[PDB]
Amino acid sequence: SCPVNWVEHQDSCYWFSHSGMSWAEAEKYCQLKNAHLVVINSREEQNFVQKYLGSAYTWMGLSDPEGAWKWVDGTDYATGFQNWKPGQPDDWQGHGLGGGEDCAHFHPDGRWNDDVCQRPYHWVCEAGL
């Protein structure tokens, strides 16, 4: 069903990176593979992804550069699954890198934070069977 190096779970294929990239380079990489940064639709999909995280900050397909949180495939954010860290999202500016925080990632426990999109983090691609 899934191509080599991809993992099958509940009608999606997943590819976990062994490397780090900015959020934009990660989304380009996934697009070139006819896939998207992982969209988390359910508690079950969250549990599956968080147990195979490579013990590092990992990008997912969730961003708010134009003010409102959006999933890359158009899944609705407000009525969808959410799993933020206490205090997140916060659009923090105190990194002093310019702007706030517009890209979401997993912590190792699977809770979400908003961070600076330019940061090189691991990523997960998702595609259909």
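Numbering starts at 1 and runs along the sequence shown.
Visitor: At least a third of the other compared entries leaving residue 95 unmodelled, is that the case?
Guide: Affirmative; at least a third of those entries omit residue 95.
Visitor: Tell me which stretch, 66 to 74 or 92 to 100, has the higher mean Cα B-factor listed in the entry.
Guide: In the deposited entry, the stretch with the higher C-alpha B-factor mean is 66 to 74.
Visitor: Decide which of the stretches 4 to 12 and 119 to 127 has the higher mean C-alpha B-factor, going by the entry.
Guide: 4 to 12 has the higher mean C-alpha B-factor.
Visitor: Sorting the chain's modelled residues by C-alpha B-factor, tell me whether residue 60 ends up in the lowest, middle or highest third.
Guide: As the PDB entry reports it, the C-alpha B-factor of residue 60 lands in the lowest third of its chain.
Visitor: Compared with the other modelled residues in the chain, in which third is the CA B-factor of residue 26?
Guide: Middle third of the chain for residue 26's C-alpha B-factor.
Visitor: Classify residue 32 as lowest, middle or highest third according to the C-alpha B-factor given in the PDB entry, relative to its own chain.
Guide: Tercile = highest for this residue's CA B-factor.
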